[PDB]
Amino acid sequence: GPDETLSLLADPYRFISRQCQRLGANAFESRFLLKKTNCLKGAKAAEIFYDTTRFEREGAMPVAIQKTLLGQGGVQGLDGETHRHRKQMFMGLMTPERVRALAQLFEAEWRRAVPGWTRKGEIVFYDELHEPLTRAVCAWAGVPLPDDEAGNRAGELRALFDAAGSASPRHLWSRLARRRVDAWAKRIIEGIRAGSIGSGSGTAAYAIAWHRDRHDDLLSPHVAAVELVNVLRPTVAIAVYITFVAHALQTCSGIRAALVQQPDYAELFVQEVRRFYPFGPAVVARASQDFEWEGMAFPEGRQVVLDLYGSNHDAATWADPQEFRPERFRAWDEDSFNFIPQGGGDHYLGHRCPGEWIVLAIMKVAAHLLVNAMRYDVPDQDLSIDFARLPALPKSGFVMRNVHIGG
């Protein structure tokens, strides 16, 4: 079989579902970086992908992703009881009270940033979100962040996710940003352990710095650093979803009115933004033993990818997935496998994103501010979603003019 890495990279979000569509199947065999790969889509496929008796993550992450997006030694690369113990550390951070606290900090940082946006006249909304997110998440996590360093640190965190998948010198910047962010986070962990940094007992950096593994040993400082960055970086990546919130408000008739007057609408709206827009790329695992499924062979060791975007657009589940319709979530049964913008299955027993509560809370803050507080003009621009970009974004980055918050 031919290597299809280039075709995938040219259409990273839609390649799998388009090929599935052509074959009339929810799975097909392909090859990426010269490695045979079964590509899966849909709720039934997601349920098998999350069966940890059939799939493992250890050794499955391509080195280039380790050197940019994720780091090395983090929870994403663990299996079994080692994984579940590490995953508990992240899950303990996500209490309703703590999630609310981060959302409040973010609202405050967004409001603090507005005067600067007004003074600029014209802004690229996406570009402006990374710093307020960085400031909020650092404060929340007990990470000191001097005012004069916040801009630079926000740029480094952005590079980890925004420049990692760029086929350009930007990827090299992502690699340098990873080296810098790991070293910075390690100094934070070291300071906490030495008692020179006074992070609170409820904060992420404290929890991670003092986490004991299954042998009652502290994480090595590098691993602790990577895990701390696994809180900081993806919180900054919410800039992408906030940009999509602004995009939906701009391009979908009736949405703004519904959000303004119907209090229960915001929850439905944020979920539909997660369903509708591409963001999370396909997740990778490896078959842990020989099995067969739906007439497809999964030999032990076979690389397997789960298409999140395609699953979120599966007509069997949604009927009319092509339409942006928040109302559809009134009929959702909260199934753990059929709606998977940040993974499927169970949070404790699998690799599902622990950041979902934070993402939902911050997206609701964004939707609230964009319809009830923040006034802005939207000049003529290319708002179409760039499906060739990782992460995907409106081509313009969502340009605003005349931004103020006295409305």
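Residue positions are given as counts along the sequence shown, with the first one as 1.
If you average the C-alpha B-factors over 342 to 350 and over 360 to 368, the higher value belongs to 360 to 368. Averaged over Cα atoms, the B-factor as recorded in the entry is higher for 144 to 152 than for the other of 88 to 96 and 144 to 152. Note on the listed residues 226, 305, 258, 192: the highest Cα temperature factor in the record is that of 258. Comparing C-alpha B-factors across 116, 326, 310, 278 in the deposited entry, the largest value falls on 116. Residue 284: CA B factor in the middle third of modelled residues in this chain (values from the PDB entry). Among the modelled residues of its chain, residue 82 has a C-alpha B-factor that falls in the lowest third according to the deposited record. For residue 120, the recorded CA temperature factor ranks within the highest third of the chain's modelled residues.
Among the modelled residues of its chain, residue 57 has a C-alpha B-factor that falls in the lowest third, as given in the PDB entry. In the deposited entry, the Cα temperature factor of residue 231 sits in the bottom third of values across the chain's modelled residues.
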